[PDB]
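Undergrad: A structural model of the following input is requested.
(chains A, B, C, D, E, F, G and H, ligands or ions: 1)
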Amino acid sequence: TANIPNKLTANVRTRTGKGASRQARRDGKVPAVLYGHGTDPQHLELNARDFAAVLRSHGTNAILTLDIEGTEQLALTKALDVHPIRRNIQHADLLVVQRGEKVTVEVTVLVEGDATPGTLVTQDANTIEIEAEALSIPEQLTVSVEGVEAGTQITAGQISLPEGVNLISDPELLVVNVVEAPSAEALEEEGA
Amino acid sequence: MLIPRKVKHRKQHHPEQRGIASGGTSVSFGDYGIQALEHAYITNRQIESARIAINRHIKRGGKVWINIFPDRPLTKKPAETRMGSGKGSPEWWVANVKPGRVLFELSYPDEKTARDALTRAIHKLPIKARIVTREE
Amino acid sequence: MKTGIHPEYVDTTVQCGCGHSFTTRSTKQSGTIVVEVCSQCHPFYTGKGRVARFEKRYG
Amino acid sequence: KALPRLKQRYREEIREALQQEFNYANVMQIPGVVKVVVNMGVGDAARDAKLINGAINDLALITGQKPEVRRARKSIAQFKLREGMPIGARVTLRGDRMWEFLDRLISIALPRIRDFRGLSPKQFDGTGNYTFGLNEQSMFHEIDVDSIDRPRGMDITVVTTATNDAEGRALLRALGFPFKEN
Amino acid sequence: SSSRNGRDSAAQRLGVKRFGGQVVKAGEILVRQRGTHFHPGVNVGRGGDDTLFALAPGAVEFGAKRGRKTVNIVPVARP
Amino acid sequence: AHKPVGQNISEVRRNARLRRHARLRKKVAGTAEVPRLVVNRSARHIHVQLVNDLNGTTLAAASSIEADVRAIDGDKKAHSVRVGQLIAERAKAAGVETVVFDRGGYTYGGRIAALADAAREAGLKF
Amino acid sequence: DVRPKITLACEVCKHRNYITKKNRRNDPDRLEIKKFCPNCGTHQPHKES
RNA sequence: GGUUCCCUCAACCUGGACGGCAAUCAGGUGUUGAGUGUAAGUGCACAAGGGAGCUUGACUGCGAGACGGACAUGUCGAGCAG
Ligand SMILES: [Zn+2]
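TA: Residues are numbered from 1 along each chain as shown, chains lettered A, B, ... in the order given. Okay, here it is:
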């Protein structure tokens, strides 16, 4: 997988703190940090509406290309600070990367397909860890439940991975659990 | 009704109702959830009344999770007595809920029935709440 | 080894009915003792009056 | 200027046999015996203290030295056992006196067992140590049948330098233990 | 009905009496405590009830020695 | 292959001695005026030192490794007496009059006591 | 009284110097002990009265 | 109680005549989860916990300097001599 990096304009902050971050967010901006093997963090500011557009389509682990006052940089989204209620982006950790480098990333797994009609599909693990190239991170991973019968454990070792992607988490994670659909009598005894 | 087997201290101070929730603000088990928006003590009777409303609506299939447990007791002194002479005996068990906390969860094949079943349960709770999903 | 608390110990001699003899130290005061079965006598090791009456009266 | 025949036999016969069978890298790895401990856990002496006197006297005759008098380190209601009372005895044997006791047990004591069928080779302890029990005290010539009062057995254990069970049997077999073919 | 509680004991006024940097005499009480939350150091002794008192004049200094909190007395120098 | 199961007697002996030597040092300590006399005893030799614990520096030292001590025709106890006399000569030369005996975590008696009694009549008092 | 108060008197001068408590079921006999006697000026055997 | 010296538990695994979840024996892992006369708290593995030998300081005349305090009470104390 080859991903064209997303271009985003970044400005170096002049004032940091909690009084300056609140004012920055009031102007449609998000504070950010750019650490990595550069080993000297840079305090940046990003457009709030432009950053959210990149995350909406290309996933949470989006590769970026920051224009830090005329200098091009390849960066990867490492973490996000989201308000529980207002559902904002209060911060963003950015990690510097270079082409041909391996990073450890959690990607999401999706469950597609319709199983036997007398079954209920329950997904235990939301995401699994991989180790792929910097510009070759899959946007999402998929599994298929088509004709799966009764009680089966679909494990993290049976997820079909693209080339150049290696599983990091142990191959015994119960990712998808397919079980018999509960009856009406089995509902009334759960949580009493 | 949910009741702890035992507690070290049977008479306790009231739980504080300040701040927002630190943990438990995301849907982990099911596909849909109910997220609180106000502070309240959710009694163990409103949880039973709210998870039977979900059971009736979805009938047979699906699974329901209750992420809050009524651990902390509240007392009530005998009726028609003056103030003083001790502290009342415990009578009901509550759960301290802060805004952002996710209370219930549900897994069901189709969406229209799932969101209707969870709405039937928000009307039994003494607070405002909203339906949230696993997606971002 | 403390002096006045241990049982009096004697160099002994073991004799068996098969002619096998030993020389060991034991607590037997006599300094000798006879055994009717030893390592060489026993069938389990070697793999090989009531019963004498079976061959006496009946034969 | 005297050696027990088991120690005499071990020095030049048993040691060389073990070297060829396992092919050690140094002569300091050759397995050997460390001590022999003889135990009689009465347990019924909690009902009458005079019971412990029988075990004390017998072990001095069988082994050749005075025992201890072990005391319970816990009070247990179901056994009516209170902490601090005699519950058993113990004798440890090292040096020469171990070699004679191992000699008399193998040569003399074991064959006198009525319906003797040897000792199981699975009684080993994890890392090359052996233990077994007896149901009586009548298999020893040092004790006399005239002065017996009631049956009472021992619990014989041998501690060896052997690393695991494989060398434990080899050292004991070459000593002449009657192990069943299992 | 009534309450079976309602007892308590007098406050014992424990704590640290001389803080770091204070100049003290000899025999002056530094810390009153139940156990050895603080351990005696140099020129400091332990009382019968685990009180810490100064064995020589100087200035108090709190330190640590192998994970143990200690109280030491340093000899301020004569003019 | 081979893999030892328990603890050797040398490993048990080493940690047990340092266990009961640190117990000793909770009382005795060295000062410039009253230095600490530390003794190390082995199956072959015996060593002594005169340590000042404020600086952690050694004032004087004698040992049985020296050629003069090796010339003695006696037994091990005879070597201790020679070493005990050689530490009172060097300590008093350095200007030391009183010391404290740190027996090193060994039982007092035999080679340790013979060294101390030889250094007591030679001038060092403790 | 299980633990009554007892007085220890010097053997020599018979002066009553010390007072203490002992269990009269565990120690049915008169307590014998060596304590300092101010009158004699030295440590002397003391006995219960 | 004073002093001198020595030691490390509880739990679990494995092997053992009565004997079992649990008595006494043996080997291994085990850093404090055991124990501290007596409630709780602060401490104690450096042991204040476990064992042994001798013993009476469970003294006489005193006490620099302090803690705490309406007052009367209460508490700690290096050091000097017998
Ligand atoms: Zn007198």
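
Undergrad: Check whether residue F:110 really touches residue F:77, as I assumed.
TA: Yes. If you go by Cβ atoms under 8 Å, residue F:110 and residue F:77 touch, sitting 7.1 Å apart. Using the backbone N, CA and C atoms, a C-beta is placed for each residue, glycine as well.

Undergrad: Quick check: chain neighbours aside, which residue is closest to whichever residue of chain D sits closest to chain A?
TA: Per Cβ to the nearest Cβ, residue D:126 is where chain D lies closest to chain A, at 30.3 Å. Residue nearest to residue D:126 in three dimensions, not counting chain neighbours: residue D:165, with 7.5 Å by Cβ to Cβ, 6 or more residues apart in numbering or on different chains.

Undergrad: Kindly report the same for residue D:80.
TA: Counting by Cβ to Cβ, 6+ apart, the nearest residue to residue D:80 once its immediate chain neighbours are dropped is residue D:46, at 6.2 Å.

Undergrad: Just to check, that neighbour is in contact with residue D:88?
TA: No. Applying Cβ under 8 Å, one finds residue D:46 not in contact with residue D:88, separated by 10.5 Å.

Undergrad: and the lengthiest helix in chain B, is it in reach of chain A?
TA: In chain B, taking DSSP state H as the definition, the longest helix is helix B:44-58. Yes. Judged by Cβ under 8 Å from any Cβ of the partner chain, helix B:44-58 and chain A are in contact via B:48, B:51-52, B:55, B:58.

Undergrad: Now that helix - C-alpha only, PDB.
TA: Extracted C-alpha coordinates of helix B:44-58, given in PDB (Å, rounded to 0.1, in the frame of the first residue of the first chain):
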ATOM      1  CA  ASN B  44     -30.600  -0.300  41.700                       C
ATOM      2  CA  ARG B  45     -34.300  -0.200  40.900                       C
ATOM      3  CA  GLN B  46     -34.000   2.200  37.900                       C
ATOM      4  CA  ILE B  47     -31.400  -0.100  36.400                       C
ATOM      5  CA  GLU B  48     -33.700  -3.100  36.600                       C
ATOM      6  CA  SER B  49     -36.500  -1.100  35.200                       C
ATOM      7  CA  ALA B  50     -34.300   0.200  32.400                       C
ATOM      8  CA  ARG B  51     -32.800  -3.200  31.300                       C
ATOM      9  CA  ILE B  52     -36.200  -4.900  31.200                       C
ATOM     10  CA  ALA B  53     -37.400  -2.100  28.800                       C
ATOM     11  CA  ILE B  54     -34.500  -3.100  26.500                       C
ATOM     12  CA  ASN B  55     -35.300  -6.800  26.900                       C
ATOM     13  CA  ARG B  56     -39.000  -6.400  25.900                       C
ATOM     14  CA  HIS B  57     -38.200  -4.400  22.800                       C
ATOM     15  CA  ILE B  58     -35.600  -6.600  21.200                       C
END
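
Undergrad: Pull out the buried residues from it.
TA: B:44, B:46-48, B:50-55, B:57-58 (16 or more other Cβ atoms under 10 Å in any protein chain shown).

Undergrad: and what of stretch A:87-101?
TA: Across stretch A:87-101, burial judged by 16+ other Cβ under 10 Å covers A:89, A:92-97.

Undergrad: Assign a three-state SS to the spatially most central residue of chain B, would you?
TA: Per Cα atoms, centre = their mean, the C-alpha nearest to the average position across chain B is that of residue B:42, at 4.7 Å. Recorded secondary structure, residue B:42: strand (DSSP: H, G, I helix; E, B strand; the rest coil).

Undergrad: quick one: contacts for it?
TA: Residues counted as contacts of residue B:42 (Cβ atoms under 8 Å, 6 or more residues apart in numbering or on different chains) are B:68, B:70, B:94-95, B:97, B:103, B:125-127.

Undergrad: Among those, which pair sits farthest apart?
TA: B:70 and B:127 (15.2 Å; Cβ to Cβ).

Undergrad: which of those two has more neighbours?
TA: More crowded of residue B:70 and residue B:127, by other Cβ atoms under 10 Å in any protein chain shown: residue B:70, with 23 against 15.

Undergrad: ok, which residues in chain D are in contact with chain C?
TA: Close to chain C, as judged by Cβ under 8 Å from any Cβ, chain D has residues D:4-5, D:60-61, D:64-66, D:100, D:103-104, D:106-108, D:111-112, D:116-118, D:141-142, D:176, D:178.

Undergrad: Show me what the longest helix seen in chain A packs onto, helices and strands only.
TA: If you go by DSSP H, chain A has its longest helix at helix A:48-58. When contacts are defined as 3 or more Cβ pairs under 8 Å, 6 or more residues apart in numbering or on different chains; DSSP states H and E, helix A:48-58 packs onto strand A:6-12, strand A:29-35.

Undergrad: if you compare those strands, which one is most tucked away?
TA: Highest mean neighbour count among those (mean count of other Cβ atoms under 10 Å in any protein chain shown): strand A:29-35, with a mean of 20.

Undergrad: Please see if the helix or strand harbouring residue D:132 touches RNA strand H.
TA: Element membership of residue D:132, judged by DSSP states H and E, is strand D:130-133. Yes. Residues of strand D:130-133 contacting RNA strand H under Cβ under 7 Å from any atom of the strand: D:131-133.
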